[PDB]
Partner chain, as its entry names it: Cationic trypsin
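What follows is one chain in structure tokens, specifically the form deposited without its partner chain.
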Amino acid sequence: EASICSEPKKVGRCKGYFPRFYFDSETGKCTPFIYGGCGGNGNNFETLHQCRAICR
């Protein structure tokens, strides 16, 4: 529903290269990260716009 915004940043154990956005609780800003390709959670957005639309 949108408790996804409060889930922590999760890179996962995989070593792939997937640039994504998570909403950072501390800063209040949608922040880039390299997601590994497996085992992520809900705080993982494909675009900056998507993250801001949902979380802000």
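Residue numbers count along the first chain shown, from 1.
Keep in mind that the form solved in complex with its partner chain is missing from the display, and what follows is about it.
Proximity of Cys38 to its partner chain in the deposited complex: non-hydrogen atoms within 4.5 Å are present. Contact between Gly42 and its partner chain in the deposited complex is not found at the 4.5 Å heavy atom cutoff. Remark: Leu48 does not count among the residues lining its partner chain in the deposited complex, judged by a heavy atom distance of 4.5 Å or less. Interface residues of 17 to 31, taken as those with a heavy atom within 4.5 Å of its partner chain in the deposited complex (partner not displayed): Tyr17, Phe18, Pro19, in sequence order.
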